[PDB]
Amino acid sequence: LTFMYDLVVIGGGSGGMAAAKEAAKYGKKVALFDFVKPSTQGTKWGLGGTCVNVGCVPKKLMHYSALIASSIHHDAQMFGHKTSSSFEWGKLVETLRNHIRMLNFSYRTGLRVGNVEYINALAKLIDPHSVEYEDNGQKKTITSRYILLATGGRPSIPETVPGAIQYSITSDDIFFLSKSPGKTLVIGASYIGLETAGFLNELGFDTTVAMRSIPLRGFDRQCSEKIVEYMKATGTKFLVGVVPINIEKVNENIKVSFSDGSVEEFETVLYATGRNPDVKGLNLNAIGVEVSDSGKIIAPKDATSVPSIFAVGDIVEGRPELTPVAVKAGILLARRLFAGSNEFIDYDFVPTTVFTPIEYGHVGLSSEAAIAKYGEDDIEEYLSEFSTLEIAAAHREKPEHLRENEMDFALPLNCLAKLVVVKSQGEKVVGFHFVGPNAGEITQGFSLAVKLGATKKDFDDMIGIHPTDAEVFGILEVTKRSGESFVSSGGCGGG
């Protein structure tokens, strides 16, 4: 038949490698293109895309290093381990690089063994069935029944702010810096911004976040603000309603001029203001692939305006930019194309965890989205704010430069549990929220239970595992409406 391939995948990240391997499982001929355009600062990397190289994986290793710093500062001596420690940025980088190298190789092999032809070049569309790449500086064209776009995004730097592109780094550079970043400015109170600032502060760097308005826009306000309260109490500085308007090299430092007329010097400036979909090189306009006002491909069912051309992951408008969503969309697409499946993701139940110094895991609706959808009177919020048992016994203290009196000694309680329930459906759980340690580990299971239609009664009749934080979800009784105190001061942990 008139096609060299059954499936050509442009992009070897979470979406692309998943689609490609699953297609190849059904005896289909599959080619995958992945090439890394260097960052605004010349950083590049191997196969596996944003999550493997410059996202979830390295961020989680840096978070782990941060939790180790925190445990050593706050906890080690109290639990009988008298420790002296010094942090060496280049050692942590070296451990990240070595683990990511192992994963680059692991994914190359996974593709070859999985009968996918991997090509390390930039691909572009020629027509609805044809893709072009260079190979020894010689354009080649290959034909496919089906084409999948999964090119992901890259960090966005404001072109209007002078010096930004030249002098600032992004998430593409932060995990691999040859030198420690020293005094750091992070612009963006997005999850990437807060996570990045959170681990740089925990690791002992002088850290400042420029937050234009509010933290974690779209996320539950109560939880988003508890995180910022905790980050402030552990030494992150926040400029609220302020952004850079100018960025200059003054000798070895970066002089940043702020929108409130203030000035401050930093060693490192990192933009975490968002990401644009990397689609400009794809030749979408000429082929008839429709894009939204944001530049994202219109494909609410993975199918673009061109019926031989599909898209998944961060480049698709109206879906969360998360790795598991990219992967499962790639696998389900592969099955629908080649195994007679008609299964899509249920986008109502996409859980997420933010890996801030205390983590935040949720699925379903914030208090705000719940109140907006069902009305204030059909909503109950059950919640509890408490300390992990082990942390309670550690007596974690504020740095002495942030003390306000003789009874402000303690860090905030590390945990917050909240269920958002609809009264007119026997208190059905429509929102689950947990701030605290291991929040992703806690939320995964609860997210399944919430998807299966768990009620507040189901949560009350649930037997707890003791001692855990997650057992708190079985004895929540204080409501926001009641106006009574949701703090628990006694240290039984999750209760």
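Start at 1 with the first residue shown and count on from there.
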Pick between 365-373 and 131-139: the one whose mean CA B-factor in the entry is higher.
131-139
With B-factors read from the PDB entry, the higher C-alpha mean of 478-486 and 11-19 is in 478-486
Which listed residue, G80, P399, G188, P155, has the largest C-alpha temperature factor in the record?
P399
Based on the PDB entry, the highest CA temperature factor among the options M102, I72, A311, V161 is that of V161
By the record's CA B-factor, is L332 among the lowest, middle or highest third of residues in the chain?
lowest
Quick tally, chain-level thirds of C-alpha B-factors: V422 sits in the highest
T109 - which third its CA temperature factor falls in, relative to the rest of the chain:
highest
Chain thirds by Cα B factor, record data; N251 belongs to the highest
Would you check the entry's CA temperature factor for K428 and let me know if it's in the chain's lowest, middle or highest third?
highest
